[PDB]
Every structure is written in C-alpha cells, then in structure tokens.
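Once you've seen the sequence and the experimental structure below, I've got questions.
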Amino acid sequence: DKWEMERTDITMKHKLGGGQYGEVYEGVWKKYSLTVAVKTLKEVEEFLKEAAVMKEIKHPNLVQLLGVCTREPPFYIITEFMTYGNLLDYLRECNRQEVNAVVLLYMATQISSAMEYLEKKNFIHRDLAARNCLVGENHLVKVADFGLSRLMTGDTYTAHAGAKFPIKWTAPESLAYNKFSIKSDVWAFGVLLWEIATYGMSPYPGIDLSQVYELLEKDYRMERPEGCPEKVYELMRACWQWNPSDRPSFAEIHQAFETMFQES
Ligand SMILES: Cc1cn(-c2cc(NC(=O)c3ccc(C)c(Nc4nccc(-c5cccnc5)n4)c3)cc(C(F)(F)F)c2)cn1
C-alpha cells in the first residue's frame, strides 16, 4: 500500500478548529515540513471505510488524501491542510469587498466541478454543505466530508430515522424515504448556493424543522437572497425541484457556472 506512511514521519500538534471537527489535529509531515490535517481514531470498520473510499477519489476541488496509518492503532487519515479552513466560517468572517460577487461565483463553479466529477464516479456525497467545504489560497475551494452528524452542537443535525440529519439541506425523498442519490446531492448543492449567496446565513430562517417537509411539499422554497444574480437563483430553484429526475445534473450545473463565470 503506497498510502501507508510512517506514523513517526508526523509531528502531531493541536486539535483543529478548536475541536469542532472532533479528533482531527494539525500535524507537520517532517519529511517535507508540511502542515497537514490528521484524523485519528480516538468505529474501526467505518474509519477504514473512510480511508478506502478516499483512496479512489482525486480532484483539484476535493480534499487531498496524503496518506494513512492503519497498520496498527491509533489509526490515522492524513490530508492536506487548507489555510482558511471551512467555507461556512470563511464566508461569515470574510471581507466582502474582497470576497465579492465574482468571487462567490468562482467558488460555486469550483464546487460544481468537484460534484460533476463525483457524479461521473457514481459517488453519492450525502452531506454537501458549506460546513463540509474548505478554503485555500486564492479562493481555492474544495469539497470534503468531516462526518459532522455526531459531533456538531446546535440544531444543524437533528434526530431522524435512527441517525442525525441536517434537515434543512436534505432532499424530500431523503427525508421521507431515506433515499439518497446524486439528485439528493443536487438538492443540497442548491442549499449550498444559498449559503454562499448570503455569506453563510442559516437556511429557512425562523422556520422550525418540524414544518419544513410540509412546506416543501406545498412548493414553498427560499426566496432569492439580496444581490444574488437571477441566473444563480434560477439554478437554485431547479436544484430544488420536488421530483429528483426534474433536477439538473452536476454536468449541466457546472457548464452553466462556467458560462456565467466566463461572461463576468
Ligand atoms: C465512507 C465515506 C467517506 N467519505 C468521505 C470522506 C472524506 N474525508 C474528509 O474530507 C477528511 C478526512 C480526514 C481529514 C484529516 C480531512 N481533513 C480535515 N478534516 C477536518 C478539518 C480539516 C481542516 C480544518 C482547517 C484547516 N484545514 C483542514 N481537515 C478530511 C471526504 C469525502 C469527500 F468529500 F471528498 F468526498 C468523502 C464518504 N464516504
């Protein structure tokens, strides 16, 4: 296994994000004095599944697997470390003059490119959201999956069907039937686009979780955010079509963002 690496090659430092990611630590890969992120096992089959899945996925806009220590405990998964951290906090904390409308569009385009690649792989993300994306230099954005549903405080994730779901990002068939697919990822992408356009406001503001499904079923959808371009809102609306087969593919979504970005 070319992925196995020397646990000793890594100096472990502090928990990242002051603990909001669980057992993930800042590390230095001494061999290259490279700051990395290291997820450790504090659920063994689930952790090894994560590592195996990450070996088969590779894209400029997906978080980069660098290695694993799974030959003996405690197991590690090591990825690149993204300077600016998670997209949700980034948006909330940014200088909006720097991170302006053209930049927002560029972020969305990058996310759609990763999703297009995952769609080509028949890979189902299941938890697409700003909280699961990372920001690097020059507004580089990558999709990731921090396995947040058991750690996160608040009512982001709530009890549903025996697990915890981010109800407000979840497609109606995924809520009702536990049916997840590339098209439920498209639905969540539309919510992500609204997160981006509002610089990380919480979706369906003020609307209790217990009422969301019934509203959606009556064709209630979030309104266009202030200053979100019309074409971008049109794409949100398409992503939130009730019937999954009515939603666009990520190939179509990426092409549309590419065209809009070219024209800006
Ligand atoms: C069974 C299974 C697994 N996955 C899946 C796992 C991941 N993993 C991580 O992103 C992940 C794993 C380990 C580490 C160390 C990291 N890196 C990490 N985790 C938390 C925070 C940070 C961080 C914070 C601030 C600055 N830089 C990095 N990095 C990511 C990523 C994906 C995705 F999105 F790409 F498809 C999918 C899906 N199904």
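Yep, that arrived. Residues are numbered from 1 along each chain as shown.

how much space is there between residue 8 and residue 96?
Residue 8 sits 44 Å away from residue 96, going by C-beta to C-beta, to the nearest Å. No exception for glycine: its C-beta is placed from N, CA and C like everyone else's.

Near the ligand, which residues of the stretch 1-150 of the chain are found?
Proximity of the stretch 1-150 of the chain to the ligand, by C-beta under 6 Å from any ligand atom, involves residues 16-17, 21, 24, 37-39, 49-50, 53-54, 57, 62-63, 77, 79, 81-82, 85, 125, 134, 143-146.

In strands, which of the residues you listed fall?
With DSSP state E as the criterion, strands contain 24, 37, 38, 39, 77, 79, 134, 143 from among those.

got a list of what the first one touches?
The contact partners of residue 24, by C-beta atoms under 8 Å, 6 or more residues apart in numbering, come to 15, 16, 17, 37, 38, 39, 40, 146.

could the ones in strands among the residues of the stretch 1-150 of the chain next to the ligand go into JSON lines alongside distance to residue 45?
Listed next are those as JSON lines, based on distance: C-beta to C-beta, whole Å:
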{"residue": "24", "distance to residue 45": "19"}
{"residue": "37", "distance to residue 45": "22"}
{"residue": "38", "distance to residue 45": "20"}
{"residue": "39", "distance to residue 45": "15"}
{"residue": "77", "distance to residue 45": "14"}
{"residue": "79", "distance to residue 45": "20"}
{"residue": "134", "distance to residue 45": "26"}
{"residue": "143", "distance to residue 45": "24"}
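
Name only those of the contacts of residue 24 that count as buried.
For the contacts of residue 24, a neighbour count by 16 or more other C-beta atoms under 10 Å gives the buried set as 16, 37, 38, 39, 40, 146.

ok so, going back, of all the ones in strands among the residues of the stretch 1-150 of the chain next to the ligand, which two lie farthest apart?
Using C-beta to C-beta, the two most remote members of these are 38 and 143, lying 19.4 Å apart.

Who are the contact partners of residue 172?
213, 216, 217, 242.

and which of those residues is nearest to residue 174?
residue 213 (10.6 Å).
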